[PDB]
Each structure stands twice: as C-alpha cells, then as structure tokens.
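Student: pasting the first chains of the complex, positions unchanged:
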Amino acid sequence: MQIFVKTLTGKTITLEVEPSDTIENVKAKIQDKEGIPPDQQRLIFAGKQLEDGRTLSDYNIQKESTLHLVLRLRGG
C-alpha cells in the first residue's frame, strides 16, 4: 500500500505502509525519510488532525491517498 504525504514545501513524500499502520509509525517513517522529529509533526487528512494511536484504516485512508504534514515547535 502506497500513501502520499505533502510537505510545507509542496514536496510529496511516498511511503510504503499497511492499513494497520498507526499514525505514530507513519511519523517514524517520515523521520527516516526527512529527518523530522515526530513530536514536531502534525498529520492532516480530510482537514482533521490525526491521533498517533489510531490507524490509517481508522481515518479511511486508502491506496494512493494524500496526507498533509504541518510542522510545529514543542515548547512544553
């Protein structure tokens, strides 16, 4: 299964995933591809922000679906 993640630079990232893959895992894949720490990552699909524990199938994300990545500082 392939999904796409669009970055702030409009760059499209292609990830090999499973429907069972959690959002946390997708963020780890993004870190491998881009070097971006997961805590700074916010994933958006269909205008909704994605929770780490949930899966791609939970958010009805399908083959060649496109996700949006927003980067945010963590002040704590």
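Tutor: Arrived safely. Residues are numbered from 1 along each chain as shown, chains lettered A, B, ... in the order given.

Student: who's residue A:66 bridged to?
Tutor: Residue A:66 has these beta-bridge partners by DSSP bridges: residue A:4.

Student: distance check, it against residue A:36.
Tutor: 18 Å (CB to CB, to the nearest Å). Heads up, the C-betas are built off the backbone N, CA and C, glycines and all.

Student: neighbour-wise, which of those two wins?
Tutor: The residue with more neighbours, out of residue A:66 and residue A:36, is residue A:36; 15 against 11, by other CB atoms under 10 Å.

Student: what sits against the closest residue to the more buried one other than its chain neighbours?
Tutor: Once flanking residues are discounted, residue A:36 sits nearest to residue A:30: 5.9 Å by CB to CB, 6 or more residues apart in numbering. Shown in contact with residue A:30 (CB atoms under 8 Å, 6 or more residues apart in numbering): A:5, A:13, A:15, A:36, A:38, A:41, A:69.

Student: then add chain B to what we have above:
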Amino acid sequence: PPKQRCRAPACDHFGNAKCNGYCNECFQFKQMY
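Tutor: Chain B goes in next, on the same frame as the chains above:
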C-alpha cells in the same frame, strides 16, 4: 494589507510578506528542512 493564511498546506497561521507568504514558524522549519 489584507490578511492571508500561510502558504503551507493545512497550516492555519497567517503568512507574511517577509517570509514569502509563509508564517514565521513554517518559514523557520523551511530553513531547517
């Protein structure tokens, strides 16, 4: 000047002309990556 949302996909911040339409936070990340 009229307010404009940042040019980054799915970001709801306001962008500025100094950052080429990006918000300050995203412009900073763009430098990082």
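
Student: and stretch B:22-33 with chain A, contact?
Tutor: Yes - against chain A, stretch B:22-33 shows contacts by CB under 8 Å from any CB of the partner chain at B:22, B:25, B:26, B:29, B:30, B:33.

Student: those, buried ones only, as a ChimeraX selection?
Tutor: In ChimeraX syntax, the buried subset of these is picked out as below (16 or more other CB atoms under 10 Å in any protein chain shown):
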select /B:22,25,26,29,30
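
Student: closest one of the residues of stretch B:22-33 next to chain A to residue B:10?
Tutor: residue B:26 (10.5 Å; CB to CB).

Student: excluding chain neighbours, what is closest to that closest one?
Tutor: Of all residues not flanking residue B:26 in the chain, residue B:8 sits nearest, at 4.5 Å (CB to CB, 6 or more residues apart in numbering or on different chains).
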